[PDB]
Structures are given as C-alpha cells and as structure tokens.
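Adding 19 to a residue's 1-based position in the sequence shown gives its number in the entry's author numbering. Here a beta-carbon is modelled for each residue, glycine too, at the ideal position from N, C-alpha and C.
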Amino acid sequence: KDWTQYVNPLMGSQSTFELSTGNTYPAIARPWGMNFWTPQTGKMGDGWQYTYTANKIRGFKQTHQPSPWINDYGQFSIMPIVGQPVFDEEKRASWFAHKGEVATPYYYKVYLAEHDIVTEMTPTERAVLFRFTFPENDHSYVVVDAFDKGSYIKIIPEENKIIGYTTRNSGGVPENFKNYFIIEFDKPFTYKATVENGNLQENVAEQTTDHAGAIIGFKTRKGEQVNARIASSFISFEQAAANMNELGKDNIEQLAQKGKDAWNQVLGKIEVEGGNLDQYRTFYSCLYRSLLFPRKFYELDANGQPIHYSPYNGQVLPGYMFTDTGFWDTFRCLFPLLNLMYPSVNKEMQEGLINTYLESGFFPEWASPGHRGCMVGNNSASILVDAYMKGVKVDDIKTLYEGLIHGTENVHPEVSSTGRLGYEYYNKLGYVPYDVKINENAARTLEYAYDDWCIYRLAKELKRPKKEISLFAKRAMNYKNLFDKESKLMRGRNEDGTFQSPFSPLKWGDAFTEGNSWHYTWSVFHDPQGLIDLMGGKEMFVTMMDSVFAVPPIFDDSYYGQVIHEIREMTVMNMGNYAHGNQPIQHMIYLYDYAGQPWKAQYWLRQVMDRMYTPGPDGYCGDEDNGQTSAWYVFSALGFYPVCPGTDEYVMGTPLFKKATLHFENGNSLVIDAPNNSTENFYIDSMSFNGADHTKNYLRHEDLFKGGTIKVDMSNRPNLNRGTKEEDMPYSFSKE
Ligand SMILES: [Ca+2]
Numbered sequence: 020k021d022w023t024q025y026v027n028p029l030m031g032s033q034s035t036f037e038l039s040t041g042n043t044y045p046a047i048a049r050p051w052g053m054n055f056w057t058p059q060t061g062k063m064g065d066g067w068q069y070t071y072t073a074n075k076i077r078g079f080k081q082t083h084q085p086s087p088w089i090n091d092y093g094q095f096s097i098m099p100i101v102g103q104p105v106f107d108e109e110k111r112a113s114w115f116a117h118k119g120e121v122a123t124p125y126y127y128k129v130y131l132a133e134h135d136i137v138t139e140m141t142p143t144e145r146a147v148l149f150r151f152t153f154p155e156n157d158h159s160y161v162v163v164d165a166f167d168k169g170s171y172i173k174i175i176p177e178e179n180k181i182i183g184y185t186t187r188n189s190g191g192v193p194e195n196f197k198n199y200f201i202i203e204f205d206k207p208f209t210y211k212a213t214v215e216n217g218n219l220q221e222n223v224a225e226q227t228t229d230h231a232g233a234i235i236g237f238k239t240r241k242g243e244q245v246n247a248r249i250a251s252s253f254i255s256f257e258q259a260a261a262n263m264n265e266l267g268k269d270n271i272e273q274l275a276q277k278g279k280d281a282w283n284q285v286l287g288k289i290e291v292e293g294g295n296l297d298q299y300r301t302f303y304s305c306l307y308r309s310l311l312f313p314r315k316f317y318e319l320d321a322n323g324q325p326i327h328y329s330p331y332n333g334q335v336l337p338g339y340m341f342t343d344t345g346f347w348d349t350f351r352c353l354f355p356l357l358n359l360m361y362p363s364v365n366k367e368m369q370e371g372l373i374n375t376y377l378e379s380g381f382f383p384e385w386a387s388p389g390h391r392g393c394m395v396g397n398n399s400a401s402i403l404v405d406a407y408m409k410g411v412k413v414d415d416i417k418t419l420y421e422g423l424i425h426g427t428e429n430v431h432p433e434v435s436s437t438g439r440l441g442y443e444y445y446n447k448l449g450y451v452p453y454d455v456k457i458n459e460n461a462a463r464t465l466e467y468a469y470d471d472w473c474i475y476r477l478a479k480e481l482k483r484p485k486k487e488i489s490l491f492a493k494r495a496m497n498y499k500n501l502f503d504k505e506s507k508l509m510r511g512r513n514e515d516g517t518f519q520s521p522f523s524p525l526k527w528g529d530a531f532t533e534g535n536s537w538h539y540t541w542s543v544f545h546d547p548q549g550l551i552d553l554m555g556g557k558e559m560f561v562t563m564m565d566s567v568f569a570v571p572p573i574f575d576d577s578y579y580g581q582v583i584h585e586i587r588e589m590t591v592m593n594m595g596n597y598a599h600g601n602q603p604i605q606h607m608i609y610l611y612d613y614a615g616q617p618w619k620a621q622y623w624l625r626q627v628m629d630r631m632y633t634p635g636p637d638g639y640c641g642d643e644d645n646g647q648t649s650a651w652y653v654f655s656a657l658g659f660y661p662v663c664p665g666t667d668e669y670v671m672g673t674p675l676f677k678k679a680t681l682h683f684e685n686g687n688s689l690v691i692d693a694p695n696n697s698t699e700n701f702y703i704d705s706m707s708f709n710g711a712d713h714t715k716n717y718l719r720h721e722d723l724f725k726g727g728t729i730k731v732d733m734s735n736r737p738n739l740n741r742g743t744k745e746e747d748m749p750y751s752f753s754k755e
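Here it is in structure tokens:
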C-alpha cells in the first residue's frame, strides 16, 4: 500500500513576503532528516528559497530552514550547467516548468531548460545521491557553492572529489560552527577551478575565503549520466565520510525505493479511506509536513551510537539532539501527535531536550539550531510534561524537573524568549504588566499560567513537597488576573493593578502576539470551566464564541502602522474574526464542547477543514508553522484534538473520512468508523467505543492505546442533547 502518492511537497510554495499560503519549500528528505534538500529558486540568503511562481532554479541546496522568518544555516548548493563555466548565481540559473518537475518526499527531478540537463536527487537522513543527465557538449560543468560569510573548498582530482565547509547562518550558533561536506563524482574532472570572491581560479586546489566555490567539468555525450554522492556533518570531515555510507552503493532507483519505504512506514500508521482525492492529498501532505521538524541533529559513531555537535556550546557530545522547532507553535498539537502515533521518536527528542538543558543551562523555546529570539511563553514545560504523562519518559527525571524549575525563575541573558522574560513581575504580581516595557505581556501571562499547570501536574506525579505543588497550583490560576469583567475579555493590566486604557479588543500585537484579545482570550487550555465561570456561565461563553464568527474581520493594526500579512490573511477568508492561521486560536472551536454545545464545534470544525486547507501549491490559509498547522488538520480529520496537552484527553470534534485506522507502536490498532460520513453529514448523532455508548466529548489516551473500534453515526442535523451533561465535559482544573 502506498501513501506517498498523495503527498504534495509543493503545498504551501505559492507564497510571498506579502501573503502566505504556507510559506513552505519542497523538503526532499527522510522523516526528521538531519539534512533536507530542495531546489532553490530564491537568491542566496532569501528566506523564500523556493516559490511556486518562480521561473528559474539556480541550485540544488542543502537546507535546515524551519521558516522564512527564521531563515537558514548549514547551507550549500550544487548546480549542473553547460557552456561557459559561470559561478554567479544569476548567470548559472535555468528556466524550468512545473510540468518538467517531479516532486515527492523521497525523490526530486527537474528539467533545466537552458542547459538541457535533467537533475534527479534522492536523499537519506544525512546524505543524498544526485544524478545529472547532460546533453552532448564539450563544456559541461558542475558548480559547487559553499555560500558566503566564510567558507572553504578543496578539489581533489585524484579522488574525483570536492570537499568544503559552509558557515552562513542566521544566528543561534557557536563560534566554531561549520557544516562539513564531501562530494564524490563517478566521472573524472577534465576542468577544475576554485572560486574566490567571484573570481574563477583555474587549477588552484583550495580556497578559504568569504564565499568559496568550485567548478569542475568534462566533455559529455548526449544523455550521459553523472552521479554525485554527497554527505555532510556538523562534527568533522571524517564524520561526513562516515555519513556517506548511508548511500551504500545504491543508485537513484534503489535509494528512491528506500526513501519511499521509509515514508510509507510512517504515513501508513494512519490509514484514511472513504473520502475524495483532494482530502487524501490534503491529509497525507499535512501528515508529511508533521514528520519533518524538529530535525535530527545527531550522527552515528563507529559503534552506531548517537553523537552530536552541540549548537549550544560547540562541543561534540554523546547522545540525542534535535532542533529547528518553536514550542510556541508546536506544543499545541504537533508534539502531542508524536506522543500518540510516534512515541519512540519523541523519546529521542525528549533526551535531546535534556541534552539542550545540560549544554546551555536552559530548555529551548525556539531553537534553530541554537537558542533563537522568537515568539513567547515557557511552553517547553507543556512539551516535557505531556511526554512524561503519556509514558515517554526520559532517563534523568531529576534533571528534567530541575530544568523546569530553573526556567520559571530565569530568562536567558541573550535570548529573551528562552526562559521566562518578566518572571520577576509574574511571580510577584500574578501577571506580566502592560506598562513595564515587556511587550506581549498578556500572551506571556496566559501561556505561563498554562505552563505552571503543566509543572503542577508533574510535581504532583513526582510526589514533590506539598509546598511546591501548591505554588504551581496557585500560579495556574494566574489567567484570572487579566480577565476584564467589563468586556469579558483578557486585557493588559498595569503594574499598579488597573487595567490599561484605552482598551482596544481588536488591536493586534502589543499586549498579545499573533492576534488580538478576541484570539488570545481563549488560551486557558487547562481550565476552560474557569473561563466559562469568569464570563458568567456557559450561555454567555457561547454568546462570546459565536460572536467571533459573526462579526466582520475588522481589526486595529495600530501596533504595526500597516496591514501585516497575518491580518490580510484573516480578512479574505470570510470567517469573521476566526483567524485560523493564528496559533493561539487553533484550539478555540473545540471549546464549544466544554460549554455543552458540541454540535457547534462539529459545524465550525468542518467549515475549517473544507475551506481553509487545499491540496495545491496555495494550500494553507497562512504559515504552516513547522508542523503545527498541518498536524491540526491530521488530528481534526481523525475527529479529535489535544486541547490540553499534559492531560490524557483528546477533545471530540468531527471526523472527515468514512473510515480511519490508527496503528499504534504498541501493536494495537484503532478503527474510527463513520460510514454515513458525507459533505452534508458532519454532525455526530451518536457515538460508541467498542459498543459502549459514548456521550463524552473526549477520549482518553490509555483507552485509544488499547485499540478497538469507535463508531460515529454522522448526520446532517445537530443532536442538541448529546454531550451536554456534566460527566461529558473534558478536563478543567477548577473542577479537579
Ligand atoms: Ca500562524
């Protein structure tokens, strides 16, 4: 059975600075691969390294980039050309068309029209094989570009080899940062030149310079194939040579089959059927995008044991390491998806986090590859705790707990999004104030309160002193400190305790991030009942919820002075103020379940799935955000979602397919059977779990893992009675 046929690596590529439909590039890679490869249409340095509307490719590039905003590191490219040996990234570039291109996760091919050259590539976790098919020509070349900001290159003709290192990066790296690469050709060089700050230096073997490059060449006959085996390491040249062994002596066809198999192994853990082709493509493309980040950042020693270059301190050290994710995005459902479907993989990642804390003094929030200043919150706490409570348990629990506590009373001296900026005010006042020069203060406070609930959970589980458990149980309620009873919304609060005026509920940023009050107010994952209580009961809560959808997409952009692309993206979708791309709001629709109206979740969730995601190049309604926006679709299509990681619950939405089968790593399987599902029948009339009537609006992790059958009776009419009882409600801390 193949699922890769449904994966479109071009989904999200039709994006620009001005307007996102995913801001992705085609990651040709193994799952969680250390090195990704992509065709490169953008100029060196441009975060938009591949865009669908671009006409020319100027290299095939090794990349580690998680988003255009974060940008790249450990990057170099290769480009086959004919005619004159030219290094310049414009002069060497070639027209292509998407109809001369084949993009899959395990194999990429393109016809370079201006050189009459076909390029094919098939990666492994750390290496890749290139096959170039050249035309008849006296002057055929391959250009190797080590990029700028200080690089190195060496041509070794007696070995048909080129080695080099690249350092261009976007921050978050140690001083000794390098990515060492080795390229072996199966055709010997008849022409050889290094490049030094744009000057071709024929027969000069080596360069150490700002922007090193190499051009080798030969005569080719029509249809002549030249293969290049490439690997890189963050450790050393000898380690890169070891990494090359992943290629064995395989050809393109053999490596493509191994990558296809690797992908089918992970994609095939979730088998959907009884939908249409657009849905299959959307689903598996989103699943593919959910299994890329964070990437492996470890390599294998002579004994097959993991070692890694430390992006935190520059040492080479034993153990697992992963990077390139922002927990502000990925705590929400991306990491939970791994705890459900791929826990063995998150086990490695969690050990990597322990290594991050050991190496750098902090758990990461945004890492690429080292600590990076981006977004907000202490959501590493959610990641660590959710794993543990779901049985993904690190070896050194003591260090894990100490790391967590460390993060509640420290902020990283250089990277303000690492640790807790404003923790002094928060610990003292119960909130980060609006008028103390700490922006995003309300968003930080709300996420910290949830984060402290996660810590409370773990402290209780670990049998910590009652004094510690009480501290964090109290901090978990800090969300109440920003609730404005007058507007029924969250509101920035001055240091002196008064709420800030004038108050603008539609103003994006400022007190919040990636949205306004209407978007962030719902960020009480651990205590929705508490929020319902604050607003005066379930009827008023639903009145407020419903109003998000019913109003026009009006906004206040005065924080920015202009309509930023995230605001534009909301305005065009015809969903009121529900801006699906803003991460803080993505769990929102599930909250209808907690207010006794699950049928409203069913209605709106289905609207989002049918309208906000498409399988084409312009697929997503905003940035994909390293798996979070994709994993949202994966979960929601199955019919449930981890509103509150750290609990064992998935909150019920509405399934998209007539049938979905989950295959768990523990060897058990779960069938979600919804035979009456259709475009019209998106309401849950009733539901059973292994035959037992199930009116609850949540499912438990442990019960799913036991396997069996969930049967969902789908209807075109809402069932106004199902899921409204007290015992049907998912978890709230206030009730606990
Ligand atoms: Ca977003």
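Simplified DSSP assignment, three categories, for residue i
| i | result |
| --- | --- |
| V137 | strand |
| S96 | strand |
| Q226 | strand |
| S159 | strand |
| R77 | coil |
| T152 | strand |
| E459 | coil |
| residue 16 | An answer regarding residue 16 cannot be provided, because it is not within the stretch 20 to 755 covered by the chain. |
| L311 | coil |
| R111 | coil |
| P176 | helix |
| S435 | coil |
| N500 | helix |
| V430 | strand |
| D546 | coil |
| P87 | coil |
| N218 | strand |
| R494 | helix |
Between the CA atoms of residue j and residue i - distance to the nearest angstrom
| i | j | result |
| --- | --- | --- |
| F196 | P388 | 10 Å |
| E155 | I182 | 27 Å |
| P99 | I136 | 7 Å |
| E588 | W527 | 13 Å |
| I457 | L440 | 8 Å |
| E699 | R736 | 9 Å |
| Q59 | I416 | 43 Å |
| residue 18 | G278 | Only positions 20 to 755 of the chain appear in the structure, and residue 18 is not among them; the question remains open. |
| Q220 | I235 | 11 Å |
| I573 | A406 | 39 Å |
| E428 | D205 | 57 Å |
| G191 | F253 | 14 Å |
| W282 | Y539 | 36 Å |
| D414 | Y420 | 12 Å |
| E243 | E290 | 41 Å |
| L372 | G742 | 39 Å |
| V285 | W385 | 26 Å |
Buried or exposed by the 16-neighbour rule on C-beta atoms within 10 Å, applied to residue i
| i | result |
| --- | --- |
| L739 | exposed |
| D21 | exposed |
| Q258 | buried |
| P337 | exposed |
| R510 | buried |
| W88 | exposed |
| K288 | buried |
| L657 | buried |
Enclosing alpha helix (DSSP H) for residue i [first to last residue]
| i | result |
| --- | --- |
| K211 | Not the alpha helix (DSSP H): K211 falls in the beta strand (DSSP E), residues 210-215. |
| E367 | 362-379 |
| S536 | 536-539 |
Host beta strand (DSSP E) of residue i (start-end)
| i | result |
| --- | --- |
| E243 | 243-252 |
| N198 | 198-204 |
| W56 | 55-59 |
| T123 | 120-123 |
| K238 | 231-239 |
| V670 | 668-671 |
Residues around ligand 1, please: the condition is that the C-beta lies closer than 6 Å to some non-hydrogen atom of it. That gives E533, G600, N601, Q602, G641, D642, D644.
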